[PDB]
Amino acid sequence: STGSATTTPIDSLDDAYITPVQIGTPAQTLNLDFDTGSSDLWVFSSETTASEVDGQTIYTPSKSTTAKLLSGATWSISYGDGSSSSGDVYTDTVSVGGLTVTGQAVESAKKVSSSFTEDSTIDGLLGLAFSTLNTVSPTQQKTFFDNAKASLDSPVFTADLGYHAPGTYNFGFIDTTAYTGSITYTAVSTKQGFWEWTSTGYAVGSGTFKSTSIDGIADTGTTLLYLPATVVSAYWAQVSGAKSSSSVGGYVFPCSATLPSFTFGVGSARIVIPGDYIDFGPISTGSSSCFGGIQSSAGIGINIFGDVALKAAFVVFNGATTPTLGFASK
Ligand SMILES: NCc1ccc(C(F)(F)F)cc1
Ligand SMILES: NCc1ccc(C(F)(F)F)cc1
């Protein structure tokens, strides 16, 4: 079997992408943030503290004839940006773009951090990292992808994120019409539970390509591109007037500047991020300082190929017994 769903940016800056997901019987449709950097499927629900819900669509397990409470199970997760949530666990039927999994663990939020409350357009997250990172206790639960794997035509899913435009998540097949050229595959390490790979280097604008190994994770759940300080300094040095701002928390640049492209290596292949993708607009309404889409990973501890990088490519997440990542231009 296969599945295919359209994913849509939540705002004019592509800060995140939401994808409709059907939960329960009869179907309750929620718009979830597909996150290859985490492994929990959790949703706003009728159990969430009412003061922490502000416009989100909620999952109501009592109205689903297939929902079963998972006795004694709880979950608690904290994300790298400081966000967090926690609650209890149900099992229910979950469908994505025609692809159905029965008995999927649906983690019902009782408490969410403020960053989720203020994001009215995200009803929850659907984790697509490896199941070893799932936070359900005392019995760890499998991801949607892991549960669907056996029934998929091919044990893959692909991410085709749009620049200021809708895109597609496909499960079980590779749309050979969605990319140009060849797909370059590269090795994945699962030792930390992430889709972790090693980029072969980078170039700034039309500059010389620098061969150097950058270990990082492919994370659809992170907006920006987080790279080592040496790389990020070399990029912003080519932008007149750009500087690192402690009060803002990263590199800013005059909004009138034109940004150079950024190239990262995948084996012998090259993925080019257009300069316009790195512009994230004024730091505050009316400001002539703009926020940069490439930032230092020094404070994070790991390099993150977030949406800024992934949306420049067609990305294959190959969940075979030896997992690999595939990148193609589009
Ligand atoms: N998108 C989920 C996520 C959040 C944080 C991290 C970090 F910062 F710990 F690497 C990885 C993945
Ligand atoms: N990386 C996972 C993640 C995704 C979205 C959010 C936000 F923006 F909704 F708070 C936080 C953390």
# chains A, B, ... in the order shown; residues from 1 in each chain; ligands from 1

$ residues_near_ligand --ligand "ligand 1" --cutoff "7 Å" --atoms "only C-alpha atoms and all ligand atoms" --output "ChimeraX atom specification"
/A:35-38,79-81,219-222,300,302,304

$ write_last_selection --atoms "N, CA, C and O atoms" --output "mmCIF file, in the first residue's frame"
data_model
loop_
_atom_site.group_PDB
_atom_site.id
_atom_site.type_symbol
_atom_site.label_atom_id
_atom_site.label_comp_id
_atom_site.auth_asym_id
_atom_site.auth_seq_id
_atom_site.Cartn_x
_atom_site.Cartn_y
_atom_site.Cartn_z
ATOM 1 N N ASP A 35 7.551 15.497 11.788
ATOM 2 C CA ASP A 35 8.819 15.838 12.432
ATOM 3 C C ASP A 35 9.753 14.634 12.363
ATOM 4 O O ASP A 35 9.618 13.693 13.152
ATOM 5 N N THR A 36 10.712 14.664 11.436
ATOM 6 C CA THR A 36 11.692 13.582 11.369
ATOM 7 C C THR A 36 12.755 13.678 12.457
ATOM 8 O O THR A 36 13.669 12.846 12.481
ATOM 9 N N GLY A 37 12.659 14.655 13.355
ATOM 10 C CA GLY A 37 13.566 14.790 14.471
ATOM 11 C C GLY A 37 13.041 14.294 15.800
ATOM 12 O O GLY A 37 13.754 14.392 16.804
ATOM 13 N N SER A 38 11.820 13.762 15.842
ATOM 14 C CA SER A 38 11.247 13.216 17.065
ATOM 15 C C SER A 38 10.422 11.986 16.709
ATOM 16 O O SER A 38 10.229 11.659 15.535
ATOM 17 N N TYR A 79 11.632 19.391 23.639
ATOM 18 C CA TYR A 79 12.301 19.617 22.369
ATOM 19 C C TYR A 79 13.489 20.560 22.543
ATOM 20 O O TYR A 79 13.601 21.284 23.536
ATOM 21 N N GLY A 80 14.385 20.535 21.553
ATOM 22 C CA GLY A 80 15.622 21.296 21.626
ATOM 23 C C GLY A 80 15.429 22.792 21.761
ATOM 24 O O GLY A 80 16.329 23.483 22.252
ATOM 25 N N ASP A 81 14.279 23.312 21.334
ATOM 26 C CA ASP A 81 13.970 24.729 21.474
ATOM 27 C C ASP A 81 13.375 25.078 22.833
ATOM 28 O O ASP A 81 13.004 26.237 23.048
ATOM 29 N N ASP A 219 15.978 17.019 9.594
ATOM 30 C CA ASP A 219 14.919 17.304 10.561
ATOM 31 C C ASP A 219 13.868 18.210 9.929
ATOM 32 O O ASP A 219 14.035 19.433 9.905
ATOM 33 N N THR A 220 12.771 17.614 9.457
ATOM 34 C CA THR A 220 11.662 18.409 8.939
ATOM 35 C C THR A 220 10.986 19.243 10.019
ATOM 36 O O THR A 220 10.224 20.161 9.689
ATOM 37 N N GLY A 221 11.220 18.934 11.291
ATOM 38 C CA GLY A 221 10.602 19.646 12.389
ATOM 39 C C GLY A 221 11.325 20.888 12.854
ATOM 40 O O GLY A 221 10.862 21.546 13.789
ATOM 41 N N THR A 222 12.454 21.226 12.241
ATOM 42 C CA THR A 222 13.232 22.405 12.593
ATOM 43 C C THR A 222 13.223 23.351 11.403
ATOM 44 O O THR A 222 13.424 22.919 10.265
ATOM 45 N N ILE A 300 23.761 24.356 20.378
ATOM 46 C CA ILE A 300 22.808 23.249 20.314
ATOM 47 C C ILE A 300 23.488 21.908 20.558
ATOM 48 O O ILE A 300 22.920 21.024 21.207
ATOM 49 N N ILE A 302 24.575 19.867 18.034
ATOM 50 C CA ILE A 302 24.406 18.994 16.882
ATOM 51 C C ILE A 302 24.015 19.871 15.704
ATOM 52 O O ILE A 302 23.354 20.898 15.870
ATOM 53 N N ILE A 304 21.943 20.687 12.332
ATOM 54 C CA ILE A 304 20.567 20.367 11.962
ATOM 55 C C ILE A 304 20.292 20.881 10.558
ATOM 56 O O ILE A 304 20.310 22.095 10.318
#

$ residues_near_ligand --ligand "ligand 2" --cutoff "10 Å" --atoms "only C-alpha atoms and all ligand atoms" --output "PyMOL selection string"
chain A and resi 15-17+32-38+78-84+112-127+219-223+306

$ write_last_selection --atoms "N, CA, C and O atoms" --output "short mmCIF file (atom, residue, chain, number, x, y, z; two decimals), in the first residue's frame"
data_model
loop_
_atom_site.label_atom_id
_atom_site.label_comp_id
_atom_site.auth_asym_id
_atom_site.auth_seq_id
_atom_site.Cartn_x
_atom_site.Cartn_y
_atom_site.Cartn_z
N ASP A 15 7.61 28.84 8.43
CA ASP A 15 8.12 28.52 9.77
C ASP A 15 7.90 27.06 10.12
O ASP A 15 8.69 26.47 10.87
N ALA A 16 6.84 26.46 9.59
CA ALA A 16 6.55 25.05 9.80
C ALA A 16 5.55 24.62 8.74
O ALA A 16 4.98 25.45 8.02
N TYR A 17 5.34 23.31 8.64
CA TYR A 17 4.43 22.75 7.66
C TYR A 17 3.44 21.85 8.38
O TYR A 17 3.81 21.11 9.30
N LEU A 32 -1.19 18.09 11.50
CA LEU A 32 -0.03 17.75 12.31
C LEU A 32 1.26 18.18 11.64
O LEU A 32 1.36 18.25 10.41
N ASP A 33 2.26 18.47 12.48
CA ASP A 33 3.60 18.85 12.06
C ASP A 33 4.44 17.58 11.95
O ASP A 33 4.81 16.99 12.97
N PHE A 34 4.75 17.16 10.72
CA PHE A 34 5.55 15.96 10.49
C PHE A 34 7.00 16.25 10.83
O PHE A 34 7.63 17.12 10.22
N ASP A 35 7.55 15.50 11.79
CA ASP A 35 8.82 15.84 12.43
C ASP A 35 9.75 14.63 12.36
O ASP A 35 9.62 13.69 13.15
N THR A 36 10.71 14.66 11.44
CA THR A 36 11.69 13.58 11.37
C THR A 36 12.76 13.68 12.46
O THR A 36 13.67 12.85 12.48
N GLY A 37 12.66 14.65 13.36
CA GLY A 37 13.57 14.79 14.47
C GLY A 37 13.04 14.29 15.80
O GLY A 37 13.75 14.39 16.80
N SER A 38 11.82 13.76 15.84
CA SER A 38 11.25 13.22 17.07
C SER A 38 10.42 11.99 16.71
O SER A 38 10.23 11.66 15.54
N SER A 78 10.53 16.85 25.70
CA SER A 78 11.11 18.19 25.68
C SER A 78 11.91 18.34 24.40
O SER A 78 12.78 17.50 24.11
N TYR A 79 11.63 19.39 23.64
CA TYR A 79 12.30 19.62 22.37
C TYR A 79 13.49 20.56 22.54
O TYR A 79 13.60 21.28 23.54
N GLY A 80 14.38 20.53 21.55
CA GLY A 80 15.62 21.30 21.63
C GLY A 80 15.43 22.79 21.76
O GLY A 80 16.33 23.48 22.25
N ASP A 81 14.28 23.31 21.33
CA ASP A 81 13.97 24.73 21.47
C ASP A 81 13.37 25.08 22.83
O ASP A 81 13.00 26.24 23.05
N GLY A 82 13.27 24.11 23.75
CA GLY A 82 12.68 24.35 25.05
C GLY A 82 11.20 24.05 25.14
O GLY A 82 10.63 24.17 26.24
N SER A 83 10.56 23.67 24.04
CA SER A 83 9.15 23.30 24.08
C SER A 83 8.97 21.94 24.74
O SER A 83 9.88 21.11 24.78
N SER A 84 7.77 21.72 25.28
CA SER A 84 7.49 20.47 25.98
C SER A 84 5.99 20.22 26.02
O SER A 84 5.18 21.13 25.83
N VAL A 112 0.74 21.44 27.64
CA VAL A 112 1.63 21.85 26.56
C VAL A 112 2.31 23.15 26.95
O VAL A 112 1.76 23.97 27.69
N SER A 113 3.53 23.35 26.44
CA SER A 113 4.23 24.60 26.69
C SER A 113 3.59 25.73 25.89
O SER A 113 2.78 25.51 24.99
N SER A 114 3.97 26.96 26.24
CA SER A 114 3.32 28.13 25.65
C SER A 114 3.55 28.21 24.15
O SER A 114 2.66 28.66 23.41
N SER A 115 4.72 27.77 23.66
CA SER A 115 5.01 27.88 22.24
C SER A 115 4.02 27.08 21.39
O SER A 115 3.74 27.45 20.25
N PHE A 116 3.48 25.98 21.93
CA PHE A 116 2.44 25.26 21.21
C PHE A 116 1.08 25.95 21.32
O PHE A 116 0.34 26.03 20.34
N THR A 117 0.75 26.47 22.51
CA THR A 117 -0.52 27.17 22.68
C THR A 117 -0.65 28.34 21.71
O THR A 117 -1.71 28.54 21.10
N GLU A 118 0.43 29.10 21.53
CA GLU A 118 0.40 30.28 20.67
C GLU A 118 0.43 29.95 19.19
O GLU A 118 0.21 30.85 18.37
N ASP A 119 0.68 28.69 18.82
CA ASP A 119 0.70 28.25 17.42
C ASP A 119 -0.66 27.61 17.12
O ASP A 119 -0.82 26.39 17.17
N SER A 120 -1.63 28.46 16.77
CA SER A 120 -3.01 27.99 16.60
C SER A 120 -3.17 27.02 15.43
O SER A 120 -4.17 26.30 15.38
N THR A 121 -2.21 26.99 14.50
CA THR A 121 -2.36 26.22 13.27
C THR A 121 -1.80 24.80 13.37
O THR A 121 -2.01 24.01 12.45
N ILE A 122 -1.11 24.46 14.46
CA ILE A 122 -0.53 23.13 14.63
C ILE A 122 -1.31 22.41 15.72
O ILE A 122 -1.31 22.82 16.88
N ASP A 123 -1.99 21.32 15.33
CA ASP A 123 -2.78 20.53 16.25
C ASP A 123 -1.99 19.41 16.91
O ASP A 123 -2.54 18.68 17.74
N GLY A 124 -0.72 19.26 16.55
CA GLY A 124 0.09 18.20 17.12
C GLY A 124 1.26 17.90 16.22
O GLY A 124 1.47 18.54 15.19
N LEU A 125 2.04 16.90 16.64
CA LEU A 125 3.22 16.46 15.91
C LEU A 125 3.08 14.98 15.56
O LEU A 125 2.46 14.21 16.29
N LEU A 126 3.66 14.60 14.42
CA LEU A 126 3.77 13.21 14.01
C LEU A 126 5.25 12.90 13.83
O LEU A 126 5.87 13.35 12.85
N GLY A 127 5.82 12.16 14.77
CA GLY A 127 7.26 11.91 14.76
C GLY A 127 7.63 10.83 13.76
O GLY A 127 6.95 9.82 13.61
N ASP A 219 15.98 17.02 9.59
CA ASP A 219 14.92 17.30 10.56
C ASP A 219 13.87 18.21 9.93
O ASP A 219 14.03 19.43 9.90
N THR A 220 12.77 17.61 9.46
CA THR A 220 11.66 18.41 8.94
C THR A 220 10.99 19.24 10.02
O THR A 220 10.22 20.16 9.69
N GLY A 221 11.22 18.93 11.29
CA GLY A 221 10.60 19.65 12.39
C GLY A 221 11.33 20.89 12.85
O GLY A 221 10.86 21.55 13.79
N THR A 222 12.45 21.23 12.24
CA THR A 222 13.23 22.41 12.59
C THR A 222 13.22 23.35 11.40
O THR A 222 13.42 22.92 10.26
N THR A 223 12.97 24.64 11.67
CA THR A 223 12.81 25.60 10.58
C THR A 223 14.12 25.90 9.88
O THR A 223 14.19 25.91 8.64
N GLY A 306 17.60 21.59 8.70
CA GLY A 306 16.18 21.84 8.85
C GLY A 306 15.51 22.18 7.54
O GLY A 306 16.07 21.98 6.46
#

$ residues_around --residues "residue A:255" --least-positions-apart "3" --cutoff "7 Å" --atoms "only C-alpha atoms" --output "MDAnalysis selection string"
chainID A and resid 288:290

$ write_last_selection --atoms "C-alpha atoms" --output "PDB file, in the first residue's frame"
ATOM      1  CA  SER A 288      15.013  47.076   8.611  1.00  0.00           C
ATOM      2  CA  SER A 289      17.030  44.256  10.212  1.00  0.00           C
ATOM      3  CA  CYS A 290      16.148  40.792   8.907  1.00  0.00           C
TER       4      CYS A 290
END

$ residues_around --residues "residue A:138" --least-positions-apart "4" --cutoff "12 Å" --atoms "only C-alpha atoms" --output "number ranges by chain"
A: 70-76, 88-89, 134

$ closest_residue --among "A:247, A:22, A:87, A:201" --to "residue A:100" --atoms "only C-alpha atoms"
A:22

$ select_by_dssp --residues "stretch 23-82 of chain A" --states "strand (DSSP E or B)" --output "PyMOL selection string"
chain A and resi 23+28-35+41-43+45+59+68-78

$ write_last_selection --atoms "N, CA and C atoms" --output "CSV table (one decimal), in the first residue's frame"
chain,number,residue,atom,x,y,z
A,23,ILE,N,-7.7,10.7,12.4
A,23,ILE,CA,-7.6,9.9,13.6
A,23,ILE,C,-8.9,9.5,14.1
A,28,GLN,N,-11.5,12.0,12.7
A,28,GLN,CA,-11.3,13.3,13.2
A,28,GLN,C,-10.0,13.8,12.5
A,29,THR,N,-10.1,14.9,11.8
A,29,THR,CA,-9.0,15.4,11.0
A,29,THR,C,-8.3,16.4,11.7
A,30,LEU,N,-7.0,16.2,12.0
A,30,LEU,CA,-6.1,17.2,12.7
A,30,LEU,C,-4.9,17.5,11.7
A,31,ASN,N,-4.4,18.7,11.8
A,31,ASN,CA,-3.3,19.2,11.0
A,31,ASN,C,-2.0,19.0,11.9
A,32,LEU,N,-1.2,18.1,11.5
A,32,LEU,CA,0.0,17.7,12.3
A,32,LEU,C,1.3,18.2,11.6
A,33,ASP,N,2.3,18.5,12.5
A,33,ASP,CA,3.6,18.8,12.1
A,33,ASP,C,4.4,17.6,12.0
A,34,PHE,N,4.8,17.2,10.7
A,34,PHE,CA,5.5,16.0,10.5
A,34,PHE,C,7.0,16.2,10.8
A,35,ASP,N,7.6,15.5,11.8
A,35,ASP,CA,8.8,15.8,12.4
A,35,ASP,C,9.8,14.6,12.4
A,41,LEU,N,3.9,10.7,18.4
A,41,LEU,CA,2.6,11.2,17.7
A,41,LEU,C,1.8,11.7,18.9
A,42,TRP,N,1.7,13.0,19.0
A,42,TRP,CA,0.9,13.6,20.1
A,42,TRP,C,0.0,14.7,19.6
A,43,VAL,N,-1.1,14.9,20.2
A,43,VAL,CA,-2.2,15.8,19.7
A,43,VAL,C,-2.8,16.6,20.9
A,45,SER,N,-6.1,17.7,22.7
A,45,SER,CA,-7.2,16.8,22.9
A,45,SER,C,-8.2,17.4,23.9
A,59,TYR,N,-8.4,16.4,19.5
A,59,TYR,CA,-8.8,15.0,19.4
A,59,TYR,C,-9.7,14.6,20.6
A,68,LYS,N,-8.8,3.2,22.4
A,68,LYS,CA,-8.6,2.4,23.6
A,68,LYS,C,-7.6,3.1,24.5
A,69,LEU,N,-7.9,3.3,25.7
A,69,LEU,CA,-6.9,3.9,26.6
A,69,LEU,C,-5.8,2.8,26.9
A,70,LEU,N,-4.6,3.3,26.8
A,70,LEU,CA,-3.4,2.4,27.1
A,70,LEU,C,-3.2,2.5,28.6
A,71,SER,N,-3.6,1.5,29.3
A,71,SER,CA,-3.6,1.5,30.8
A,71,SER,C,-2.3,1.8,31.4
A,72,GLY,N,-2.2,2.9,32.2
A,72,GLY,CA,-1.0,3.2,32.9
A,72,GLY,C,0.1,3.9,32.1
A,73,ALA,N,-0.1,4.1,30.8
A,73,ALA,CA,1.0,4.7,30.0
A,73,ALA,C,1.0,6.2,30.1
A,74,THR,N,2.1,6.8,30.1
A,74,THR,CA,2.3,8.3,30.1
A,74,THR,C,3.4,8.6,29.1
A,75,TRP,N,3.5,9.9,28.8
A,75,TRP,CA,4.5,10.4,27.9
A,75,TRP,C,4.9,11.8,28.4
A,76,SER,N,6.2,12.2,28.1
A,76,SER,CA,6.7,13.5,28.4
A,76,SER,C,7.8,13.8,27.5
A,77,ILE,N,7.8,14.9,26.8
A,77,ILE,CA,8.8,15.2,25.8
A,77,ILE,C,9.2,16.6,25.9
A,78,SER,N,10.5,16.9,25.7
A,78,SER,CA,11.1,18.2,25.7
A,78,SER,C,11.9,18.3,24.4

$ residues_around --residues "residue A:272" --least-positions-apart "5" --cutoff "8 Å" --atoms "only C-alpha atoms" --output "PyMOL selection string"
chain A and resi 261-264+312

$ write_last_selection --atoms "N, CA, C and O atoms" --output "PDB file, in the first residue's frame"
ATOM      1  N   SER A 261      23.608  32.244  -2.399  1.00  0.00           N
ATOM      2  CA  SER A 261      23.141  30.882  -2.229  1.00  0.00           C
ATOM      3  C   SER A 261      24.087  30.118  -1.303  1.00  0.00           C
ATOM      4  O   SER A 261      25.193  30.570  -0.983  1.00  0.00           O
ATOM      5  N   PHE A 262      23.635  28.945  -0.863  1.00  0.00           N
ATOM      6  CA  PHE A 262      24.440  28.061  -0.032  1.00  0.00           C
ATOM      7  C   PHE A 262      24.347  26.653  -0.593  1.00  0.00           C
ATOM      8  O   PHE A 262      23.246  26.129  -0.785  1.00  0.00           O
ATOM      9  N   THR A 263      25.498  26.042  -0.839  1.00  0.00           N
ATOM     10  CA  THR A 263      25.574  24.704  -1.412  1.00  0.00           C
ATOM     11  C   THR A 263      26.078  23.738  -0.352  1.00  0.00           C
ATOM     12  O   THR A 263      27.058  24.035   0.334  1.00  0.00           O
ATOM     13  N   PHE A 264      25.419  22.589  -0.208  1.00  0.00           N
ATOM     14  CA  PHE A 264      25.947  21.549   0.662  1.00  0.00           C
ATOM     15  C   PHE A 264      26.120  20.261  -0.133  1.00  0.00           C
ATOM     16  O   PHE A 264      25.428  20.026  -1.128  1.00  0.00           O
ATOM     17  N   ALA A 312      14.996  22.673  -0.413  1.00  0.00           N
ATOM     18  CA  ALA A 312      15.721  22.819  -1.665  1.00  0.00           C
ATOM     19  C   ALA A 312      15.883  21.499  -2.409  1.00  0.00           C
ATOM     20  O   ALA A 312      16.430  21.502  -3.516  1.00  0.00           O
TER      21      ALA A 312
END

$ atom_distance --atom1 "atom CA of residue A:2" --atom2 "atom CA of residue A:151"
8.4 Å

$ closest_residue --among "A:61, A:193, A:249, A:241" --to "residue A:296" --atoms "only C-alpha atoms"
A:249

$ residues_around --residues "residue A:50" --least-positions-apart "5" --cutoff "12 Å" --atoms "only C-alpha atoms" --output "ChimeraX atom specification"
/A:44-45,55-56,58,109-112,117

$ write_last_selection --atoms "N, CA, C and O atoms" --output "tab-separated table (two decimals), in the first residue's frame"
chain	number	residue	atom	x	y	z
A	44	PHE	N	-3.19	17.82	20.57
A	44	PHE	CA	-4.16	18.51	21.41
A	44	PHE	C	-5.42	17.66	21.52
A	44	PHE	O	-5.81	17.00	20.55
A	45	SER	N	-6.05	17.67	22.68
A	45	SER	CA	-7.17	16.77	22.91
A	45	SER	C	-8.17	17.40	23.87
A	45	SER	O	-7.96	18.49	24.41
A	55	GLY	N	-7.48	27.84	19.81
A	55	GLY	CA	-7.84	27.70	18.41
A	55	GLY	C	-7.48	26.38	17.78
A	55	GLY	O	-7.89	26.13	16.63
A	56	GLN	N	-6.73	25.52	18.47
A	56	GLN	CA	-6.35	24.23	17.91
A	56	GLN	C	-7.57	23.33	17.78
A	56	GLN	O	-8.52	23.42	18.56
A	58	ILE	N	-9.00	19.75	18.44
A	58	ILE	CA	-8.67	18.78	19.48
A	58	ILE	C	-9.18	17.41	19.10
A	58	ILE	O	-10.22	17.26	18.43
A	109	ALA	N	-2.29	15.05	24.84
A	109	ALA	CA	-1.65	16.06	25.66
A	109	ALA	C	-2.58	16.51	26.78
A	109	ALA	O	-3.73	16.89	26.53
A	110	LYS	N	-2.09	16.45	28.02
A	110	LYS	CA	-2.74	17.10	29.14
A	110	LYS	C	-2.16	18.47	29.43
A	110	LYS	O	-2.86	19.35	29.94
A	111	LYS	N	-0.89	18.68	29.08
A	111	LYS	CA	-0.19	19.94	29.31
A	111	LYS	C	0.73	20.20	28.12
A	111	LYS	O	1.41	19.28	27.66
A	112	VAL	N	0.74	21.44	27.64
A	112	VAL	CA	1.63	21.85	26.56
A	112	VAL	C	2.31	23.15	26.95
A	112	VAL	O	1.76	23.97	27.69
A	117	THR	N	0.75	26.47	22.51
A	117	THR	CA	-0.52	27.17	22.68
A	117	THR	C	-0.65	28.34	21.71
A	117	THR	O	-1.71	28.54	21.10

$ select_by_dssp --residues "stretch 272-317 of chain A" --states "helix (DSSP H, G or I)" --output "number ranges by chain"
A: 275-278, 307-310

$ closest_residue --among "A:163, A:169, A:197, A:291" --to "residue A:243" --atoms "only C-alpha atoms"
A:291

$ residues_around --residues "residue A:172" --least-positions-apart "3" --cutoff "12 Å" --atoms "only C-alpha atoms" --output "list in words"
residues 1, 2, 3, 4, 96, 97, 98, 99, 145, 146, 148, 149, 150, 151, 152, 153, 154, 155, 156, 157, 158, 159, 169, 175, 316, 317, 318, 319 and 320 of chain A

$ closest_residue --among "A:303, A:139, A:66, A:39" --to "residue A:199" --atoms "only C-alpha atoms"
A:303

$ atom_distance --atom1 "atom CA of residue A:131" --atom2 "atom CA of residue A:200"
27.4 Å

$ atom_distance --atom1 "atom CA of residue A:215" --atom2 "atom CA of residue A:203"
16.1 Å
